[PDB]
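Student: Attaching a single structure in structure tokens format; questions to follow.
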Amino acid sequence: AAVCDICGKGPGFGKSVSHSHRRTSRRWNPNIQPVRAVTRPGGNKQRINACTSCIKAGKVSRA
RNA sequence: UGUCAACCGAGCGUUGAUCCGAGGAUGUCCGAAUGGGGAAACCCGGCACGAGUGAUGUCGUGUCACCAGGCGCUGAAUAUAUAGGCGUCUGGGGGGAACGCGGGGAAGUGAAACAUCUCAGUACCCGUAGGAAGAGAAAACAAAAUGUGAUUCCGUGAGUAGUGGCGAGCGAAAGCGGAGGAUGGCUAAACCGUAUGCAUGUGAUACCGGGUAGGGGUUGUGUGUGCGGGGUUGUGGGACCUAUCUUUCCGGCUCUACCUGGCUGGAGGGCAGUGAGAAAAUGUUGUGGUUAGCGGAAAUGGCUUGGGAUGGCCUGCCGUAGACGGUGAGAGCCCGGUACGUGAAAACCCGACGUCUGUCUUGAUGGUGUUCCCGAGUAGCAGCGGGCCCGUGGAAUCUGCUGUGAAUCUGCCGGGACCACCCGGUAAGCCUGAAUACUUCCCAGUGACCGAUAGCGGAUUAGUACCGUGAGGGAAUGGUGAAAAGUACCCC
RNA sequence: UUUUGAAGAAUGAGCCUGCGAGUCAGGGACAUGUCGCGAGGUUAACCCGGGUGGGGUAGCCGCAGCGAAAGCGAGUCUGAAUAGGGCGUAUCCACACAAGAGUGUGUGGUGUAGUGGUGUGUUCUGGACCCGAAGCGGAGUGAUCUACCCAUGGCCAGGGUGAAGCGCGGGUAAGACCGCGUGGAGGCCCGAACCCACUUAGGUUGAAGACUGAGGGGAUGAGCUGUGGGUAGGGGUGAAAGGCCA
RNA sequence: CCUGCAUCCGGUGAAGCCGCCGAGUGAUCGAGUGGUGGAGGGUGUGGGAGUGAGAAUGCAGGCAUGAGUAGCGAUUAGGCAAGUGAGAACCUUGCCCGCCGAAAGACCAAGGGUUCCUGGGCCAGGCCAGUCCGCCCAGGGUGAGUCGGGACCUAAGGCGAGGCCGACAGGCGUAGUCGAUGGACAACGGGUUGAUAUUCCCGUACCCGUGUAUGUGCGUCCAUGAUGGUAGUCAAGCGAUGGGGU
RNA sequence: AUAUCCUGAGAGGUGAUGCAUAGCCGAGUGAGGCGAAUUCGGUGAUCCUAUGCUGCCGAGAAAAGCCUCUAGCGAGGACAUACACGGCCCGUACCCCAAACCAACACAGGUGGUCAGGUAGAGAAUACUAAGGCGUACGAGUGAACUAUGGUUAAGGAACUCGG
RNA sequence: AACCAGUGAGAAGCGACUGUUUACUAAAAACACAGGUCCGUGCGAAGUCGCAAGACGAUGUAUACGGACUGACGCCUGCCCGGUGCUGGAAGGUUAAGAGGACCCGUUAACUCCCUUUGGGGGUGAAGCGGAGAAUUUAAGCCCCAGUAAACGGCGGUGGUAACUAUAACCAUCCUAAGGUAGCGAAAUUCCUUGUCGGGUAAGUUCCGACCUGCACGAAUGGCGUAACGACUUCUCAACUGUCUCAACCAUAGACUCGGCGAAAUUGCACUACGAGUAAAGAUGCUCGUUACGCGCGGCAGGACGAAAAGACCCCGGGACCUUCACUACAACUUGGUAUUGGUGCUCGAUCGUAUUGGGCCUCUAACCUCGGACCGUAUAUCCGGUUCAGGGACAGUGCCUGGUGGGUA
RNA sequence: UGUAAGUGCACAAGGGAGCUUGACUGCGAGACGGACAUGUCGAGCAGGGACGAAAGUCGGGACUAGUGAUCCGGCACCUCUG
Ligand SMILES: [Mg+2]
Ligand SMILES: [Mg+2]
Ligand SMILES: [Mg+2]
Ligand SMILES: [Mg+2]
Ligand SMILES: [Mg+2]
Ligand SMILES: [Mg+2]
Ligand SMILES: [Mg+2]
Ligand SMILES: [Mg+2]
Ligand SMILES: [Mg+2]
Ligand SMILES: [Mg+2]
Ligand SMILES: [Mg+2]
Ligand SMILES: [Mg+2]
Ligand SMILES: [Mg+2]
Ligand SMILES: [Mg+2]
Ligand SMILES: [Mg+2]
Ligand SMILES: [Mg+2]
Ligand SMILES: [Mg+2]
Ligand SMILES: [Mg+2]
Ligand SMILES: [Mg+2]
Ligand SMILES: [Mg+2]
Ligand SMILES: [Mg+2]
Ligand SMILES: [Mg+2]
Ligand SMILES: [Mg+2]
Ligand SMILES: [Mg+2]
Ligand SMILES: [Mg+2]
Ligand SMILES: [Mg+2]
Ligand SMILES: [Mg+2]
Ligand SMILES: [Mg+2]
Ligand SMILES: [Mg+2]
Ligand SMILES: [Mg+2]
Ligand SMILES: [Mg+2]
Ligand SMILES: [Mg+2]
Ligand SMILES: [Mg+2]
Ligand SMILES: [Mg+2]
Ligand SMILES: [Mg+2]
Ligand SMILES: [Mg+2]
Ligand SMILES: [Mg+2]
Ligand SMILES: [Mg+2]
Ligand SMILES: [Mg+2]
Ligand SMILES: [Mg+2]
Ligand SMILES: [Mg+2]
Ligand SMILES: [Mg+2]
Ligand SMILES: [Mg+2]
Ligand SMILES: [Mg+2]
Ligand SMILES: [Mg+2]
Ligand SMILES: [Mg+2]
Ligand SMILES: [Mg+2]
Ligand SMILES: [Mg+2]
Ligand SMILES: [Mg+2]
Ligand SMILES: [Mg+2]
Ligand SMILES: [Mg+2]
Ligand SMILES: [Mg+2]
Ligand SMILES: [Mg+2]
Ligand SMILES: [Mg+2]
Ligand SMILES: [Mg+2]
Ligand SMILES: [Mg+2]
Ligand SMILES: [Mg+2]
Ligand SMILES: [Mg+2]
Ligand SMILES: [Mg+2]
Ligand SMILES: [Mg+2]
Ligand SMILES: [Mg+2]
Ligand SMILES: [Mg+2]
Ligand SMILES: [Mg+2]
Ligand SMILES: [Mg+2]
Ligand SMILES: [Mg+2]
Ligand SMILES: [Mg+2]
Ligand SMILES: [Mg+2]
Ligand SMILES: [Mg+2]
Ligand SMILES: [Mg+2]
Ligand SMILES: [Mg+2]
Ligand SMILES: [Mg+2]
Ligand SMILES: [Mg+2]
Ligand SMILES: [Mg+2]
Ligand SMILES: [Mg+2]
Ligand SMILES: [Mg+2]
Ligand SMILES: [Mg+2]
Ligand SMILES: [Mg+2]
Ligand SMILES: [Mg+2]
Ligand SMILES: [Mg+2]
Ligand SMILES: [Mg+2]
Ligand SMILES: [Mg+2]
Ligand SMILES: [Mg+2]
Ligand SMILES: [Mg+2]
Ligand SMILES: [Mg+2]
Ligand SMILES: [Mg+2]
Ligand SMILES: [Mg+2]
Ligand SMILES: [Mg+2]
Ligand SMILES: [Mg+2]
Ligand SMILES: [Mg+2]
Ligand SMILES: [Mg+2]
Ligand SMILES: [Mg+2]
Ligand SMILES: [Mg+2]
Ligand SMILES: [Mg+2]
Ligand SMILES: [Mg+2]
Ligand SMILES: [Mg+2]
Ligand SMILES: [Mg+2]
Ligand SMILES: [Mg+2]
Ligand SMILES: [Mg+2]
Ligand SMILES: [Mg+2]
Ligand SMILES: [Mg+2]
Ligand SMILES: [Mg+2]
Ligand SMILES: [Mg+2]
Ligand SMILES: [Mg+2]
Ligand SMILES: [Mg+2]
Ligand SMILES: [Mg+2]
Ligand SMILES: [Mg+2]
Ligand SMILES: [Mg+2]
Ligand SMILES: [Mg+2]
Ligand SMILES: [Mg+2]
Ligand SMILES: [Mg+2]
Ligand SMILES: [Mg+2]
Ligand SMILES: [Mg+2]
Ligand SMILES: [Mg+2]
Ligand SMILES: [Mg+2]
Ligand SMILES: [Mg+2]
Ligand SMILES: [Mg+2]
Ligand SMILES: [Mg+2]
Ligand SMILES: [Mg+2]
Ligand SMILES: [Mg+2]
Ligand SMILES: [Mg+2]
Ligand SMILES: [Mg+2]
Ligand SMILES: [Mg+2]
Ligand SMILES: [Mg+2]
Ligand SMILES: [Mg+2]
Ligand SMILES: [Mg+2]
Ligand SMILES: [Mg+2]
Ligand SMILES: [Mg+2]
Ligand SMILES: [Mg+2]
Ligand SMILES: [Mg+2]
Ligand SMILES: [Mg+2]
Ligand SMILES: [Mg+2]
Ligand SMILES: [Mg+2]
Ligand SMILES: [Mg+2]
Ligand SMILES: [Mg+2]
Ligand SMILES: [Mg+2]
Ligand SMILES: [Mg+2]
Ligand SMILES: [Mg+2]
Ligand SMILES: [Mg+2]
Ligand SMILES: [Mg+2]
Ligand SMILES: [Mg+2]
Ligand SMILES: [Mg+2]
Ligand SMILES: [Mg+2]
Ligand SMILES: [Mg+2]
Ligand SMILES: [Mg+2]
Ligand SMILES: [Mg+2]
Ligand SMILES: [Mg+2]
Ligand SMILES: [Mg+2]
Ligand SMILES: [Mg+2]
Ligand SMILES: [Mg+2]
Ligand SMILES: [Mg+2]
Ligand SMILES: [Mg+2]
Ligand SMILES: [Mg+2]
Ligand SMILES: [Mg+2]
Ligand SMILES: [Mg+2]
Ligand SMILES: [Mg+2]
Ligand SMILES: [Mg+2]
Ligand SMILES: [Mg+2]
Ligand SMILES: [Mg+2]
Ligand SMILES: [Mg+2]
Ligand SMILES: [Mg+2]
Ligand SMILES: [Mg+2]
Ligand SMILES: [Mg+2]
Ligand SMILES: [Mg+2]
Ligand SMILES: [Mg+2]
Ligand SMILES: [Mg+2]
Ligand SMILES: [Mg+2]
Ligand SMILES: [Mg+2]
Ligand SMILES: [Mg+2]
Ligand SMILES: [Mg+2]
Ligand SMILES: [Mg+2]
Ligand SMILES: [Mg+2]
Ligand SMILES: [Mg+2]
Ligand SMILES: [Mg+2]
Ligand SMILES: [Mg+2]
Ligand SMILES: [Mg+2]
Ligand SMILES: [Mg+2]
Ligand SMILES: [Mg+2]
Ligand SMILES: [Mg+2]
Ligand SMILES: [Mg+2]
Ligand SMILES: [Mg+2]
Ligand SMILES: [Mg+2]
Ligand SMILES: [Mg+2]
Ligand SMILES: [Mg+2]
Ligand SMILES: [Mg+2]
Ligand SMILES: [Mg+2]
Ligand SMILES: [Mg+2]
Ligand SMILES: [Zn+2]
């Protein structure tokens, strides 16, 4: 739950602000889920972490 | 025949010692440690080739990690195939004082308190290479001037325009003047060829510019990929037809033989070359400098005090050399050397002079109307955060994440919301030296800087003794005199 | 020294020789002397000179001010108002006009002085006269004593107390129960080593940075101890006292 | 005090120190004189100061009183004759007396590294003097097929090829290899020098390996046998990285 | 069935015509030579049989080695005797209930384990003692008070002290 | 016969016993201890450490495990559900993000009047581009209603009503939830207190047994007893003794002289009297007066505000830790939307059949999930990966925004 | 004699009656006391009003208490900017 193995999108770091205008540390992590990639026509897939961006763009096929 | 620091015994050298300059071998063990093991410098092996004993026991020289990337073989449950397994080559594991790039990232303290702020993007950490790095060829400014023309670094522009519990504080840009010259080059798209596959075929009147004609595969027609031409831009450009001008020879092809228009090979003549624009090697110069050395001028002058003249008085000489040190007391002419001249076996790097490599000349020049192209989850939009003076405020621009999601030249984006008219430009791919930053080391120089409680903690046994089981802390100790001639000898 | 008030019984001083304290940086600011120039002064960054010298007009202040502005100008803003007011035209004298509500309104003159270096007092930003804590964060180091647990050994001198069970003689129909011999279960009892620390006297510039002399509790267990291992600081551990962590 | 400039002094004695004599309204001065010394100084006028001490329970070094006062670190206690030598209650020899004796004795592991022996001396140390020493100097000294460890095996635990997770840094744990306080494993008595002893010697034992010779002696090539009975295997001898006992 | 096997204390023979010793001679920092008897009883273990046996519950390491089995290799190997050989690396002095270790010291503390004689004694307590080792590092004198550790004391016995 | 070698009894209080604790002032009435009750846990559990895998719980499965209060054994364990938590009913009101676009304006196409010639100067209006943007939708929390005291908690005063004196020993007044059941009581609780009564010696503010006037005893922060036990606290009795009237004597190690070595704290100065005075209010050091040869040794300690640690007690200023309905945040938990995210069916609505795009429910498998079984990588593997079989399944988990609880942390 | 006290008012500022909103706009010569900013009075000018024939008075209440800076923001208008 860190980075997409394909596009390598790492998490970004920022500062969270309360309604009292006081600052504090917080982190944002890109949406990535475990899916079996469709790359070989042979009909075999392997467990690889992927990101919604790559999945929806189809860089790893759906089948 | 190094040195602390005398002393003895031993020896070499004119047949060139010692010394210094360049290159070359050996180089026990640990230390990324990598034959295996482990509490640093200590224990135990395999394999091959040699040495030794009547044979084991023994001994010498090689070789015996891991990971990643190529290449070859092999193909499990399981069939296609993969994972996995073997053989062989190429690379990497650590260290380094400062200098860079991208991230993470704190608390003391001011506001006479303090949450926002500031301290500060500081200390520290992480991943990273170099001798420098990064950045870089406008989707840039400005405003009606017919302006500038890549980037970087300094001085102004000013403590102003702004911002802030409008407190404490924080802080630009444009333009202008300087250092440098390369206002440089590459790459995917529009279309033909070629190894292919996936396909399907009316498998025959379609593939080839016209005419004579032979046939049914340069597949008849589509798709994705590797390989060579033609193109690289803003007054838009590039691909197709249509006229004009056309600065070597020959061959094979445009299905085929014959004329017309195109594709490709073999030979002049230019073009550059270690180069960012393509890469590899091989044949002949600079008293270019550097790593040592060598030459190098003139008073034993006289008189005086003296232990000692390098002190005082009087006479000389050199000066392309009166910088600086030593010598028994302040030395141009005593010594070391200074001005100046020379000077290298080997090696270094620079520059210049020579085989070889490769694009183009099958090609270039100025026009025309039509059909296709100009960098995809991108630009923009909505939500949540950063840093620009802008501390969400009307919020421009850049950027991180999540959803939605566009077009190809009367297209698109920019001139601090936004609309209309004007003006500039062509992002979503990649390289690019010169102007700049720094010294752990070496060479040469300087001090209205310190002289032993000062000066680096360290002028001597120095990061030693010592303290602490640890990170770590951290001490004080120079002057005899010209030479030791360091007081023979006698006496208590 | 600090005190309104002290020779003090308010503090500092054993003696001696050394070491120890209003400086620096910036074209900063105000003020004050000093030198050139004079309606100008004035150079940065950067070039050429073993050298302090010579170039370098990019910049900054006075030269006109008023008004938030479109602007205007010896005037200007407020304003319906030459109608009074706010700011400015260096200052002055003289000449005329008004009231003499103190002064103002119009003409002519002498005519204005600022700017660069530098000495000195203060001030701005750097810790800015000298020295002086309890505490915070980041990064690292310790469970060899002390707490707990884990694997593996050793340790407890002597002497008493006698459950179940068992066999025999009684009781019963069988028992419970009644006596007789064996057994040593006991977080049982008295008492060594070891371990603990209750009272008491000494020590207190001690022999010892927490002991000694007399007495005091366990001693087969929640026992004692050796060997090697694990537990890291807003945390560990803790038969729980706000203890321990060299 | 250091410096630019111009001057003067100095082995016929420059700088500090200790006196005498004097001098200015002050911080002081003397080119006026005496002893010590041996190597650089003064005046005039400019520029720059780490430029002037008595106190902060200041710091480095040296030294005052209490002071020739307390103590000289237990629960046993010495005495005598002789010797050595300059020195003897503290050293050597001999004779009495006392103390300890679940230790105040004889040993192992951990712990230190030359404290062990021989020879030399007694300015450093021993709480006093020392001929003595756990002071130092110079030399010498440590002997394993069988004792403790390694080459044999394992635990609580540590490392960790692959791998999982994690923004990076990093946390986990498989196969394996490390880790005695355990298991198995083969020697005892006596003698010996100034220091070594299950180690050397004497006497007698035990456990693994290699070579040669000899004797039992069995097969490969013949072939009986048992068979499942022509033919195909075979039970010799080794025997596990595997199974099962211990 | 004391069948058969295993184990196995203790006893007995061998090791040993050897070694050592009480003692006798000369000989002294000491060495040399010679060298007797060595039978029977009592007491009695914390040591052996013993990983035994009997009770109890809180219910009690692994690997290696050894034996065996085949799988599998296999034509030389097994046994016995004799002769002649090899058997690897580190630890090895001295100090150990302390003047040599832990405590700043030549310290009134601590430090795991093994040896345990005689007499009285229940004893590994207590008293004197053998083997064995010590007189441990400032001394000599002196009826002061006072201090501290002991010893004794008429009659009352707790009347002091907050408190036997 | 030396040495060695337990005083005993009678009560009360507290605790059931043996045990453990503040190294270095406190060993207890403190702590735990076996008994019980309640709460929570359906199994890669809850609870943990760890942002994650994973590990413990357990190589176990409610006749167990985690949390809480109590403490052997005997007789027992009263009333109250308003407030706050917890478990249920959310059947209504309220509101976040997101969907949604009533109306409005800016903008110039087109224009509405003069004014020219080739849309502005004095208002209408299309599209596109933008802005605030309203009504409708929502889920949680909050308000509403029941249960729970071995959950945190509370359990009063007021008046009247006996045969002579004594008071309430029944009824009603306010309130809320009721206004102390058993048991005990001048106690480890009691200020007025040495309360009153009986025991104890001559004397008893201690002690023992009772009296109820319980400021301010009380039954799971338990009450009253209780065999045995306690280096726990208080009192009484016999024996004893130098603890006393009342002290005396003897020995050891110092204290003392002699010999040797040789110590520390402090220190402004010194040929450092006293009586009465004088002052920063207590004088060796000042005024008047009295006394007093110089220098030592052994003894005693009133003074020299003697030595020790920049006073702990007080205040000022600044820290640290702690508590909560003080403020502001965070972790964690929890609610919806949205992406991951698929197909077919029933059922509810805003331009009784006609149009509305979002809710509720049931199904199917391919996404996805399972510390389920069997095989292979594999000689040794409870790791890991792959194939297959078997179950869940468009949920859950996880990204982004958001509403709530939140002394667990800052 | 509205609201406490004092100072005043018998001429009125006590009461009664008719009309009317000067409880205006643009200004202000000078003084009052104050460390600072806050606080107090005022003659007189112009516009356009009120009362009164006129002379004349009116910039709230016989007098002294009935209140609050800075910053930020809202509303109307403006011959400012853009
Ligand atoms: Mg990731
Ligand atoms: Mg950041
Ligand atoms: Mg912050
Ligand atoms: Mg060399
Ligand atoms: Mg070599
Ligand atoms: Mg290695
Ligand atoms: Mg290694
Ligand atoms: Mg590779
Ligand atoms: Mg296949
Ligand atoms: Mg590196
Ligand atoms: Mg403050
Ligand atoms: Mg503050
Ligand atoms: Mg900043
Ligand atoms: Mg480089
Ligand atoms: Mg660039
Ligand atoms: Mg770029
Ligand atoms: Mg600027
Ligand atoms: Mg400031
Ligand atoms: Mg091309
Ligand atoms: Mg191209
Ligand atoms: Mg001379
Ligand atoms: Mg001369
Ligand atoms: Mg010179
Ligand atoms: Mg010389
Ligand atoms: Mg010189
Ligand atoms: Mg020379
Ligand atoms: Mg902002
Ligand atoms: Mg904004
Ligand atoms: Mg604009
Ligand atoms: Mg243009
Ligand atoms: Mg472009
Ligand atoms: Mg540069
Ligand atoms: Mg000196
Ligand atoms: Mg250390
Ligand atoms: Mg002062
Ligand atoms: Mg004073
Ligand atoms: Mg004063
Ligand atoms: Mg005074
Ligand atoms: Mg005094
Ligand atoms: Mg004082
Ligand atoms: Mg004082
Ligand atoms: Mg004071
Ligand atoms: Mg001093
Ligand atoms: Mg001192
Ligand atoms: Mg200033
Ligand atoms: Mg000035
Ligand atoms: Mg001047
Ligand atoms: Mg005026
Ligand atoms: Mg800290
Ligand atoms: Mg550790
Ligand atoms: Mg029984
Ligand atoms: Mg018994
Ligand atoms: Mg007893
Ligand atoms: Mg003592
Ligand atoms: Mg200490
Ligand atoms: Mg004691
Ligand atoms: Mg004791
Ligand atoms: Mg006693
Ligand atoms: Mg005892
Ligand atoms: Mg007792
Ligand atoms: Mg007991
Ligand atoms: Mg016990
Ligand atoms: Mg550690
Ligand atoms: Mg407590
Ligand atoms: Mg401690
Ligand atoms: Mg000088
Ligand atoms: Mg001279
Ligand atoms: Mg001289
Ligand atoms: Mg002289
Ligand atoms: Mg001299
Ligand atoms: Mg001068
Ligand atoms: Mg001067
Ligand atoms: Mg200066
Ligand atoms: Mg100074
Ligand atoms: Mg001084
Ligand atoms: Mg000192
Ligand atoms: Mg003293
Ligand atoms: Mg004394
Ligand atoms: Mg004494
Ligand atoms: Mg002693
Ligand atoms: Mg003697
Ligand atoms: Mg004894
Ligand atoms: Mg004994
Ligand atoms: Mg003993
Ligand atoms: Mg040891
Ligand atoms: Mg050792
Ligand atoms: Mg010795
Ligand atoms: Mg000697
Ligand atoms: Mg000596
Ligand atoms: Mg000494
Ligand atoms: Mg020696
Ligand atoms: Mg050996
Ligand atoms: Mg492991
Ligand atoms: Mg690895
Ligand atoms: Mg691991
Ligand atoms: Mg190991
Ligand atoms: Mg071991
Ligand atoms: Mg031995
Ligand atoms: Mg026995
Ligand atoms: Mg051998
Ligand atoms: Mg060895
Ligand atoms: Mg030895
Ligand atoms: Mg030793
Ligand atoms: Mg030793
Ligand atoms: Mg010992
Ligand atoms: Mg020591
Ligand atoms: Mg000692
Ligand atoms: Mg000791
Ligand atoms: Mg011990
Ligand atoms: Mg014993
Ligand atoms: Mg004795
Ligand atoms: Mg002895
Ligand atoms: Mg005494
Ligand atoms: Mg006594
Ligand atoms: Mg008597
Ligand atoms: Mg008596
Ligand atoms: Mg009394
Ligand atoms: Mg009493
Ligand atoms: Mg009670
Ligand atoms: Mg007890
Ligand atoms: Mg306890
Ligand atoms: Mg404790
Ligand atoms: Mg204590
Ligand atoms: Mg203690
Ligand atoms: Mg205590
Ligand atoms: Mg206790
Ligand atoms: Mg107790
Ligand atoms: Mg307890
Ligand atoms: Mg109960
Ligand atoms: Mg229980
Ligand atoms: Mg319960
Ligand atoms: Mg769980
Ligand atoms: Mg409970
Ligand atoms: Mg209780
Ligand atoms: Mg209790
Ligand atoms: Mg209720
Ligand atoms: Mg309720
Ligand atoms: Mg309530
Ligand atoms: Mg909407
Ligand atoms: Mg609720
Ligand atoms: Mg309610
Ligand atoms: Mg009572
Ligand atoms: Mg009671
Ligand atoms: Mg009471
Ligand atoms: Mg009382
Ligand atoms: Mg009483
Ligand atoms: Mg009493
Ligand atoms: Mg109470
Ligand atoms: Mg309760
Ligand atoms: Mg209850
Ligand atoms: Mg009781
Ligand atoms: Mg009595
Ligand atoms: Mg008596
Ligand atoms: Mg007496
Ligand atoms: Mg006597
Ligand atoms: Mg004595
Ligand atoms: Mg004494
Ligand atoms: Mg004495
Ligand atoms: Mg002495
Ligand atoms: Mg003092
Ligand atoms: Mg007085
Ligand atoms: Mg007095
Ligand atoms: Mg006083
Ligand atoms: Mg006096
Ligand atoms: Mg006095
Ligand atoms: Mg006097
Ligand atoms: Mg007088
Ligand atoms: Mg007299
Ligand atoms: Mg006193
Ligand atoms: Mg005092
Ligand atoms: Mg204090
Ligand atoms: Mg305070
Ligand atoms: Mg804290
Ligand atoms: Mg959503
Ligand atoms: Mg979703
Ligand atoms: Mg989507
Ligand atoms: Mg709160
Ligand atoms: Mg807190
Ligand atoms: Mg009236
Ligand atoms: Mg008004
Ligand atoms: Mg005025
Ligand atoms: Mg008027
Ligand atoms: Mg007026
Ligand atoms: Mg008025
Ligand atoms: Mg009126
Ligand atoms: Mg403010
Ligand atoms: Zn991706």
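So you can find residues: chains in the structure tokens are A, B, ... in the order shown, residues in each start at 1, and ligands are numbered from 1 in order.
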Could you list, as a ChimeraX atom specification, every residue of chain A that has an atom within 12 Å of an atom of chain B, counting only C-alpha atoms (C1' of nucleotides)?

Tutor: /A:9-32,40-46,51-59

Student: Just to be explicit: take each residue in the selection above, keep C-alpha atoms, and write the result as a compact mmCIF listing (two decimals), in the first residue's frame.

Tutor:
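Produced file result_6.txt, reproduced below:
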```txt
# COMPACT_ATOMS: atom_id res chain seq x y z
CA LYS A 9 3.64 6.85 -7.98
CA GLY A 10 4.95 7.49 -4.47
CA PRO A 11 2.90 8.98 -1.64
CA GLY A 12 2.86 12.74 -1.19
CA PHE A 13 3.38 14.60 2.08
CA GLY A 14 1.55 17.72 3.19
CA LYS A 15 0.30 19.67 6.21
CA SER A 16 -3.21 19.33 7.64
CA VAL A 17 -4.96 22.46 8.91
CA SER A 18 -7.56 22.51 11.67
CA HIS A 19 -10.47 24.94 11.75
CA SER A 20 -8.54 26.84 14.44
CA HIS A 21 -5.73 27.60 11.95
CA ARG A 22 -3.30 25.27 13.72
CA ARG A 23 -0.98 23.11 11.64
CA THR A 24 -0.17 19.42 11.94
CA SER A 25 1.51 16.70 9.90
CA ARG A 26 -0.46 14.38 7.62
CA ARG A 27 0.25 12.12 4.66
CA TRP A 28 -1.68 11.26 1.51
CA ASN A 29 -1.34 7.86 -0.14
CA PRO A 30 -2.44 7.07 -3.71
CA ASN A 31 -5.22 4.54 -4.18
CA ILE A 32 -3.58 1.20 -5.01
CA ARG A 40 0.28 -12.32 -21.53
CA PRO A 41 -2.29 -13.83 -23.93
CA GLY A 42 -1.34 -17.26 -22.59
CA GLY A 43 -3.95 -16.89 -19.85
CA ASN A 44 -1.77 -16.62 -16.73
CA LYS A 45 -1.74 -13.72 -14.27
CA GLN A 46 0.39 -12.81 -11.26
CA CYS A 51 -3.08 1.84 -8.98
CA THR A 52 -6.54 2.95 -10.05
CA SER A 53 -4.99 5.32 -12.59
CA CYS A 54 -3.06 2.56 -14.36
CA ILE A 55 -5.97 0.11 -14.14
CA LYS A 56 -8.50 2.55 -15.59
CA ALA A 57 -6.09 3.68 -18.31
CA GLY A 58 -5.60 0.01 -19.18
CA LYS A 59 -1.80 -0.12 -18.98
```

Student: Check the DSSP output for the backbone and give back, as a ChimeraX atom specification, the residues of chain A in strand (DSSP E).

Tutor: /A:12-17,23-28,32-36,47-51

Student: Using C-alpha atoms, can you export the residues from the last selection as an mmCIF file, in the first residue's frame?

Tutor:
```cif
data_model
loop_
_atom_site.group_PDB
_atom_site.id
_atom_site.type_symbol
_atom_site.label_atom_id
_atom_site.label_comp_id
_atom_site.auth_asym_id
_atom_site.auth_seq_id
_atom_site.Cartn_x
_atom_site.Cartn_y
_atom_site.Cartn_z
ATOM 1 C CA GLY A 12 2.859 12.741 -1.189
ATOM 2 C CA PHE A 13 3.381 14.599 2.080
ATOM 3 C CA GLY A 14 1.545 17.725 3.186
ATOM 4 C CA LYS A 15 0.297 19.672 6.209
ATOM 5 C CA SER A 16 -3.206 19.329 7.644
ATOM 6 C CA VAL A 17 -4.961 22.458 8.914
ATOM 7 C CA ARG A 23 -0.981 23.113 11.636
ATOM 8 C CA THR A 24 -0.166 19.423 11.942
ATOM 9 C CA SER A 25 1.506 16.699 9.904
ATOM 10 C CA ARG A 26 -0.462 14.383 7.625
ATOM 11 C CA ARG A 27 0.255 12.122 4.662
ATOM 12 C CA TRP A 28 -1.685 11.261 1.509
ATOM 13 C CA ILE A 32 -3.579 1.200 -5.007
ATOM 14 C CA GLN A 33 -5.149 -2.250 -4.750
ATOM 15 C CA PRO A 34 -4.016 -5.858 -5.270
ATOM 16 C CA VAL A 35 -4.976 -7.169 -8.713
ATOM 17 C CA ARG A 36 -3.780 -9.878 -11.092
ATOM 18 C CA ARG A 47 -0.383 -10.942 -8.046
ATOM 19 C CA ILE A 48 0.947 -7.395 -8.483
ATOM 20 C CA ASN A 49 -0.014 -4.195 -6.698
ATOM 21 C CA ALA A 50 -1.548 -1.632 -9.046
ATOM 22 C CA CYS A 51 -3.083 1.839 -8.979
#
```

Student: At most 10 Å is the cut-off: for each residue in chain D with any atom that close to an atom of chain A, write down the nearest atom pair and the distance in Å rounded to one decimal, counting only C-alpha atoms (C1' of nucleotides), chain first then increasing number, as a Markdown table.

Tutor:
```
| residue | atom | partner | partner_atom | distance |
| --- | --- | --- | --- | --- |
| D:165 | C1' | A:1 | CA | 9.1 |
| D:166 | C1' | A:2 | CA | 7.5 |
| D:167 | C1' | A:11 | CA | 5.8 |
```
